[PDB]
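Structure, as structure tokens:
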Amino acid sequence: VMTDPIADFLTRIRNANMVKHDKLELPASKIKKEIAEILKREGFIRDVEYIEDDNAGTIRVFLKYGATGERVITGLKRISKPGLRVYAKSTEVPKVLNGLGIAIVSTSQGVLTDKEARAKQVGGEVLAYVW
Amino acid sequence: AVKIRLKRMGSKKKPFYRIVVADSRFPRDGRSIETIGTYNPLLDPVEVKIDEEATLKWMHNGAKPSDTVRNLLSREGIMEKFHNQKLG
Amino acid sequence: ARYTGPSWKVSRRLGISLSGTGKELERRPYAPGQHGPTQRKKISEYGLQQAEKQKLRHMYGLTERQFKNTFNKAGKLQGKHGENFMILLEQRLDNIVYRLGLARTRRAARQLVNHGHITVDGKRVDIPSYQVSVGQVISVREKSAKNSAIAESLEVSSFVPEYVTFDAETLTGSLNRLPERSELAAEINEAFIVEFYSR
Amino acid sequence: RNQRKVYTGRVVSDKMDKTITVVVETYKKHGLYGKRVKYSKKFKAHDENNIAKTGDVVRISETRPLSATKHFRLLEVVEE
Amino acid sequence: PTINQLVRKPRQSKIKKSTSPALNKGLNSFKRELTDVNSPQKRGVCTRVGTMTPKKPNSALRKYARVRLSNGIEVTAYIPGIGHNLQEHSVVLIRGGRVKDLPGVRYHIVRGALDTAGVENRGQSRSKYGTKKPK
Amino acid sequence: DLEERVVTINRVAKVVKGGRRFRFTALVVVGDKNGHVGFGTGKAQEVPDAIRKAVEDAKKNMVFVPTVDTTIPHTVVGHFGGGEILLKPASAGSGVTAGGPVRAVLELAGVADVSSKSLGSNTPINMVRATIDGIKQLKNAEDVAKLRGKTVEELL
RNA sequence: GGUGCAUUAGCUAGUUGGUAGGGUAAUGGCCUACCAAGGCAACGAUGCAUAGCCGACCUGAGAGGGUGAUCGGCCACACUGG
RNA sequence: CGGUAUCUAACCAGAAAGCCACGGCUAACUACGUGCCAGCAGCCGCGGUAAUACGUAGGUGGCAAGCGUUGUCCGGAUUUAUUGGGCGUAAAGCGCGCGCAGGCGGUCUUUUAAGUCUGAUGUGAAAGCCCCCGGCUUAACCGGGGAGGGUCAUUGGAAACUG
Ligand SMILES: [Mg+2]
Ligand SMILES: [Mg+2]
Ligand SMILES: [Mg+2]
Ligand SMILES: [Mg+2]
Ligand SMILES: [Mg+2]
Ligand SMILES: [Mg+2]
Ligand SMILES: [Mg+2]
Ligand SMILES: [Mg+2]
Ligand SMILES: [Mg+2]
Ligand SMILES: [Mg+2]
Numbered sequence: 002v003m004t005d006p007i008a009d010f011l012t013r014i015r016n017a018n019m020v021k022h023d024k025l026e027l028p029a030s031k032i033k034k035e036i037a038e039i040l041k042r043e044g045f046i047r048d049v050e051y052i053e054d055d056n057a058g059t060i061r062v063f064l065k066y067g068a069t070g071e072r073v074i075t076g077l078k079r080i081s082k083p084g085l086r087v088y089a090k091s092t093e094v095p096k097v098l099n100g101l102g103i104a105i106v107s108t109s110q111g112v113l114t115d116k117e118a119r120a121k122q123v124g125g126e127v128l129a130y131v132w
Numbered sequence: 002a003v004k005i006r007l008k009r010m011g012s013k014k015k016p017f018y019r020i021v022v023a024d025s026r027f028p029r030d031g032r033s034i035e036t037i038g039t040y041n042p043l044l045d046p047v048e049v050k051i052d053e054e055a056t057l058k059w060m061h062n063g064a065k066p067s068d069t070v071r072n073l074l075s076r077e078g079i080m081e082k083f084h085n086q087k088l089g
Numbered sequence: 002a003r004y005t006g007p008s009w010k011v012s013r014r015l016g017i018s019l020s021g022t023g024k025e026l027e028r029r030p031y032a033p034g035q036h037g038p039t040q041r042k043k044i045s046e047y048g049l050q051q052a053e054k055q056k057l058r059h060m061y062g063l064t065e066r067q068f069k070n071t072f073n074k075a076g077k078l079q080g081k082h083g084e085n086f087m088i089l090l091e092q093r094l095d096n097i098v099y100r101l102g103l104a105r106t107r108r109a110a111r112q113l114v115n116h117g118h119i120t121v122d123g124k125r126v127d128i129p130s131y132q133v134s135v136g137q138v139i140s141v142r143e144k145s146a147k148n149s150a151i152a153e154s155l156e157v158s159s160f161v162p163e164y165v166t167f168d169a170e171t172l173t174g175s176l177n178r179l180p181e182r183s184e185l186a187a188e189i190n191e192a193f194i195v196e197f198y199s200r
Numbered sequence: 004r005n006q007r008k009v010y011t012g013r014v015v016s017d018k019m020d021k022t023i024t025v026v027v028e029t030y031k032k033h034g035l036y037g038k039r040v041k042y043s044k045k046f047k048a049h050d051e052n053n054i055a056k057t058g059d060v061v062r063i064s065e066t067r068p069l070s071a072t073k074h075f076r077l078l079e080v081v082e083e
Numbered sequence: 002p003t004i005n006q007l008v009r010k011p012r013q014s015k016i017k018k019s020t021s022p023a024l025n026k027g028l029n030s031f032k033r034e035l036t037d038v039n040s041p042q043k044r045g046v047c048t049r050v051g052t053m054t055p056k057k058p059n060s061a062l063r064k065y066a067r068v069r070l071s072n073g074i075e076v077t078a079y080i081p082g083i084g085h086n087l088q089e090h091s092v093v094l095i096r097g098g099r100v101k102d103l104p105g106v107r108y109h110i111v112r113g114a115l116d117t118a119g120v121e122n123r124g125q126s127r128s129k130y131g132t133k134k135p136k
Numbered sequence: 011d012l013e014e015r016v017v018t019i020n021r022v023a024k025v026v027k028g029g030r031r032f033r034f035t036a037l038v039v040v041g042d043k044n045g046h047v048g049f050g051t052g053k054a055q056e057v058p059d060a061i062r063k064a065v066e067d068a069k070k071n072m073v074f075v076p077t078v079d080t081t082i083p084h085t086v087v088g089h090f091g092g093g094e095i096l097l098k099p100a101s102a103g104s105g106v107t108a109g110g111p112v113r114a115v116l117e118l119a120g121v122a123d124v125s126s127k128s129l130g131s132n133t134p135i136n137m138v139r140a141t142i143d144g145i146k147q148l149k150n151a152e153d154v155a156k157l158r159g160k161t162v163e164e165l166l
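Residue numbers (the deposited numbering), protein chains in the order written: chain h, 2 to 132; chain p, 2 to 89; chain d, 2 to 200; chain q, 4 to 83; chain l, 2 to 136; chain e, 11 to 166.
Okay, structure coming up:
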């Protein structure tokens, strides 16, 4: 969290995915909140709980695996990096893995996945890819 | 001294003209102010198309057509109309 | 025609029955030359997709320089890139003459047209490269109607293709509908052609 | 009617008589790598009464040329 | 390098060099300068002819020449074909193409364009060596 | 019901106390057009007997590939060894566009349209490994839906 | 908005601003007399070298890379200088 | 222009095919002559008396009124790598610190709208690439209609993220 607490957040998911862990916790923030809720809407996360603390609270995330020991979140990549910010126009929002994946966009009407941002015709900074 | 005139396009021995407005000083097929229509002399009943509205406002602004263009408008029945707005 | 050489070497070197079936490969089917009657070497994949490029233009006997242009023109046409190029190349009026039986072979049909013996929609046309579209009419201009060769070449009449209509009473013909690949010869693959030019 | 272009900026100097120099610092996506780079160019405005002081923020407007380079006039001192 | 370290100084490509430097120069006799143009061939005149020994492992004897070009540069060229009729001080036409064996020589004389006649008795591959059709 | 095809034949040699001794190694790829394919290696003193020993190896490494609409579903990159190859779907009827020993697996598998490019090294043993690694990350539409608790319509 | 060189670091003295006046179709240091000492530059001033500019052309999957002939628009020149 | 385009009628297969290559890359093989000589060569490299690599001849392959050679540019070249590379041993972490300018910056709330996204209006000539029709006996070519092309300007909106 030295510079980018979203790039770190994605990494903390990927590291614990590789070693087949089950739960993981990390300090909470308003932007970290819904980015963790979106992943619940597509089953990428088993469930999420919030914790209230003295400094800012933390967020506990229950990662999900399919039976037969197959991972569900197979990777994450960041696009808006603090060293180089990227913005995408409405018609030029990409599709990840021909629509199998999901992307996160911080449009003008709250953080939104591009399934409906293209349906709502808005663009904004592109936060991450998930696939 | 804007004058309605023509503009030679097409392959050799197959001309195809444009009814185009222009300043007198500029070349035959160089800069032009505005295109109006075409005029094909190949077909026996000549192929003529003109705006018949835009040219009317140009003529009220002082454009004097070329000799052959003047014939095209008359056979088009649109030179008579211009004789009927000048009374107003 | 354009290639005025012996008519059998190219057919049998090519490994197919060019211009019909079995006339030229009936006996001595060894590949031409001093060698060829000895043994066959395993063709590299480059040979695979080159010789089969040759199995098309040699089938119709047209110089290569327009083989591209027809191929390039066929690319803009919607569908499958390889299939359409076969379809469009079938529309040349040499076929439409040869398919109707007005000529025994293909190369005779080219020699037939070039001397201006036929008219599409009642106007003389002098070149084999014209492509005919649905709803046109092919007559014989009613000038050399009694020439012995043409009536003789209509005597064989193996099997008129479905996608054309013809009768010798008035020597007319048309293209009923666009052919459908399978209706063609289609004995060769088409993918090994598109690969070759996408090199 | 038609309006001239109107800008904003910060005062840089006043050592010239009855005129001031203001910087207009704005962002600009780079040529190739697409990284916003701070680009700032400084103009020269007009001050009838020398009211504007260094370090202030103002709004300036384009106009007729008035000197060798002076072609902007002040509208209001937004802050000190 | 990070993006910022790439916007302070950008990436500059290399500079690939010509292999036939004496075919892309020009002399303006009025101002005495070396113009920078391109040209497939240049005309020259011979200074000395003869033979040279090939580098290892090849062990033949090769007929070379030293020529003074139109732009005043003197270089060495190679005479192809079987034999030649090249005396000293003759105008020849030169072109590009090096030979691996001989170390110093880089250019390569055209046969059949000028004083250099056509190679005798070439039944095939005759477009080079410049011999007419044996009617 | 398979259709083995040979790729490359080398000629390797080890030095002994008296001189040199040569042996032949052949790489073959085997498959049927359904989507089942595999590759195998071999080594013997004689080339005709090197190929036969190679196929029996390959018949143990069968793999499957998704073929939605006669084409791979999505793009993917295989990154084994020093050889990296990316695969991306092609438009209908285009045909297989691939290098030397990377089309070999694709033709045998039964894919009709696909693009590719070998960004890594060029050793034929490593291209086949990368490509086989390339297809493992390739998923049908419904399998993804099973894991994520969704169905087909919302995904596409 | 579109070139390289830092083995090219300072440049400018009508210069930068002001008061009147002169001169043009016109604003204007364009010019004049006086006042003050400023103005620009590492976001490349200055100097050196190279080059007419664009719509476009060639190539490339794309981003890009090379060119500015013929056709159209703009500019500059007419044996060299005033 | 010019009795030029075109049409009609009569005559004769007669007057009309060459260039490069054939060891691998790369489609295409034999015989003789020569014997590290003469020579070939884009790279690997061929020739020291049994050459599919020199020279000729027969045959074959490629392309065609053209075929080859040389020169200049793009690609393959991820070989300046934003899309799209790296630095233990392959070239590549300054000998090491203090630090100006610069680059980047923990959590929350309110506000502004430079960045950001979006609506409308104007404009980005004509010819050219693309697409849709139509004319030259077909094509090349020539017409008509559209589309795109801007880190463009004026004005109205949105406030998640950067400032
Ligand atoms: Mg031709
Ligand atoms: Mg106004
Ligand atoms: Mg010049
Ligand atoms: Mg490329
Ligand atoms: Mg030979
Ligand atoms: Mg490159
Ligand atoms: Mg060392
Ligand atoms: Mg080292
Ligand atoms: Mg160190
Ligand atoms: Mg236009």
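Beta carbons: idealized from backbone N, C-alpha and C, even for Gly.
Amino acids of chain h, ordered along the chain, whose beta-carbon sits closer than 9 Å to that of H89 (chain e): Near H89 (chain e) there are no residues of chain h at all, since even the closest Cβ is about 13 Å away, more than 9 Å.
Use the C-beta contact count for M137 (chain e): other C-beta atoms within 10 angstroms, 16 or more gives buried, fewer gives exposed. By the neighbour-count definition (other C-beta atoms within 10 Å, threshold 16), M137 (chain e) is a buried residue.
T48 (chain l): buried (16+ other C-beta within 10 angstroms of its C-beta) or exposed? exposed
So the alpha helix (DSSP H) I63 (chain q) belongs to, where does it begin and stop? Per DSSP, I63 (chain q) belongs to no alpha helix (DSSP H); it is in the beta strand (DSSP E), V60 to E65.
What is the rounded straight-line gap between the Cα of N52 (chain q) and the Cα of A129 (chain h)? 55 Å
When you check each C-beta in the region 102-126 of chain e against every C-beta of chain d, which residues fall closer than 9 Å? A102, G103, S104, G105, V106, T107, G110, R113 and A122
Three-state secondary structure assigned by DSSP to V73 (chain h): coil
Any beta carbon of chain h sitting closer than 7 Å to that of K38 (chain q)? Yes, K38 (chain q) lies at the interface with chain h (some Cβ there is under 7 Å from its Cβ).
Going by beta carbon distance, what residues of the same chain come within less than 6 Å of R9 (chain p), once the five residues before and after it are set aside? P16
Own chain residues within Cβ distance below 8 Å of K56 (chain l), not counting five before or after: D102, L103 and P104
Compare the Cα-Cα distances from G124 (chain h) to each of h:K90, h:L11 and h:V97 and report the closest residue. h:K90
For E84 (chain d), report the span of its alpha helix (DSSP H) as first-last. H82 to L90
Evaluate the contact criterion for the region 58-78 of chain l versus the region 113-123 of chain l: three or more CB pairs, one atom per stretch, below 8 Å. no
Can you find the residues in the same chain that come closer than 7 Å, C-beta to C-beta, to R28 (chain d), ignoring five residues on each side of it along the sequence? none
Local conformation of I95 (chain l) per DSSP, three classes: strand
What did DSSP end up calling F197 (chain d) once you bin it into helix, strand or coil? helix
If I measure Cβ to Cβ from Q132 (chain d) and keep anything under 8 Å in the same chain, skipping five residues before and after, which residues do I get? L89, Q92, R93 and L94
Under DSSP, the beta strand (DSSP E) around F160 (chain d) begins and ends at which residues? Annotation: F160 (chain d) is outside any beta strand (DSSP E) and is labelled neither H nor E by DSSP.
Is the beta carbon of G23 (chain d) sitting closer than 7 Å to the one on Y31 (chain d)? no
For the candidate residues d:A52, d:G48, d:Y47 and d:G62, whose alpha-carbon lies nearest to that of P7 (chain d)? d:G62
Could you pull the start and end residues of the beta strand (DSSP E) that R69 (chain l) belongs to? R63 to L70
I need the DSSP call for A23 (chain p), collapsed to helix, strand or coil. In the structure shown, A23 (chain p) sits in coil (DSSP, three-state: anything other than H, G, I, E or B).
So for residue 85 (chain q), helix, strand or coil by DSSP? Shown here, chain q extends from 4 to 83; a query on residue 85 (chain q) therefore has no answer.
What are the boundary residues of the beta strand (DSSP E) that includes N41 (chain p)? Its beta strand (DSSP E) spans residues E35 to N41.
Selection of the region 85-99 of chain h by Cβ proximity to chain q, strictly under 8 Å: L85, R86 and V87
Touch test, the region 184-194 of chain d against the region 45-62 of chain d, Cβ-Cβ under 8 Å, three pairs minimum: Touching, yes.
Under three-state DSSP, which class holds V76 (chain l)? strand
At the 7 Å Cβ level, is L64 (chain h) part of the contact set with chain e, yes or no? no
Of all the beta strand (DSSP E) runs that stay within the bounds of the region 71-99 of chain e, which reach a length of 3 or more residues? As far as the region 71-99 of chain e is concerned, its whole beta strand (DSSP E) runs of at least 3 residues are 86-90 and 93-99.
Among the candidates e:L157, e:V39 and e:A64, whose CA atom is the shortest distance from the CA of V115 (chain e)? e:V39
Taking three-plus beta-carbon pairs below 8 Å as touching, is the region 135-142 of chain d in contact with the region 169-185 of chain d? A contact exists between the region 135-142 of chain d and the region 169-185 of chain d.
Under 7 Å, Cβ to Cβ, is there at least one residue of chain h near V65 (chain e)? For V65 (chain e), the nearest beta carbon of chain h is not closer than 7 Å to its own beta carbon.
When burial is assigned at 16 or more other CB atoms within 10 Å of the CB, is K43 (chain l) buried or exposed? Taking all protein chains in view, the Cβ of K43 (chain l) is crowded by 16 or more other Cβ atoms within 10 Å, so the residue is classified as buried.
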